[PDB]
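Presented below, as structure tokens, is a lone chain in the form deposited in one PDB entry.
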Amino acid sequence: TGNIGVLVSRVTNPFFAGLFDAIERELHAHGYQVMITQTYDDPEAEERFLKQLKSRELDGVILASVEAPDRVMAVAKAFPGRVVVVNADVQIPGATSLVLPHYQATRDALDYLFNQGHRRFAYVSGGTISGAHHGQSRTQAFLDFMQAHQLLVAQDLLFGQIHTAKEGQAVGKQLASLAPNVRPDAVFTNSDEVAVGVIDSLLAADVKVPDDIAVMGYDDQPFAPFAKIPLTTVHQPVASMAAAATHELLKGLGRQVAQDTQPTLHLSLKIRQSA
């Protein structure tokens, strides 16, 4: 029981820190040393990380983000059992790949918001909304939602490449500056980090949350229940997906026996105060 690598886009995203922690504590119990690297969405960084597996510095790798699927596939095919992909909205041939139903969860969350009476929506993404991007199952869900309700997408209320609370502060400051009749009713943030920042700037401008603008988080990160306006958010089952990923790696490594069990990884809407 050797060295395992975990790859994520950004360790200061509490979702990824928490996912790492749950994987690492289990793998550690099994005798492995686990190390994490971050990519900042650079395919070169992914490729460099994978060279560690190719050179057998690592026994195995868990990727919780993927930049170049075809590159990951070639490595997985050369190293059967040693590459696991978790929650990256992709199935990589040659790697056991765990996908969660983010499209569904996003539709469900948007539906919740529509049902509270909201009609003018702002949509925030960590990707470039116009092109191919991470979190595009979610973007499609948003577009499908709007079409299903015959809601015109306001291009001025779309915000791409927004990741952090500080970036969310900038979004929220812009939204707070708007005249009530062009202000959104609700903001789908795609991230609890972003949501905390958005809400802070709204509140600083005496915009009421949720009465004036409802704010939907994503992930149910550790700080979410503790936020100034406790976050309504989409809960990701961090502990369960970590256990699943870990097991699929350990099985591939010949460590663990197959289980008949297969608990399903569920996203759930967590209603608090912000929406």
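Numbering starts at 1 and follows the sequence shown. What we label the rigid core is the largest C-alpha set whose atoms superpose within 1.5 Å from one form to the other.
If you look for the form deposited in another entry, you will not find it shown, but the lines that follow are about it.
K.L.:
Once the rigid core is lined up, just say which one of 102, 163, 134, 82 has a C-alpha that travels 2 Å or more between this form and the one not shown.
P.N.:
The listed residue whose C-alpha shifts by at least 2 Å is 134.
K.L.:
Examine residue 43 after superposing the rigid core and state whether its CA is displaced by 2 Å or more between this form and the one not shown.
P.N.:
Comparing forms between this form and the one not shown, the residue 43 CA shifts at least 2 Å.
K.L.:
Since the C-alpha distance between residue 121 and residue 133 changes by 3 Å or more in the other entry, give its direction relative to the shown form: closer or farther.
P.N.:
Pair moves farther apart in the other entry.
K.L.:
Looking in the other entry, decide if the C-alpha atoms of residue 135 and residue 123 are closer or farther than in the form shown; they differ by 3 Å or more.
P.N.:
So the answer is farther.
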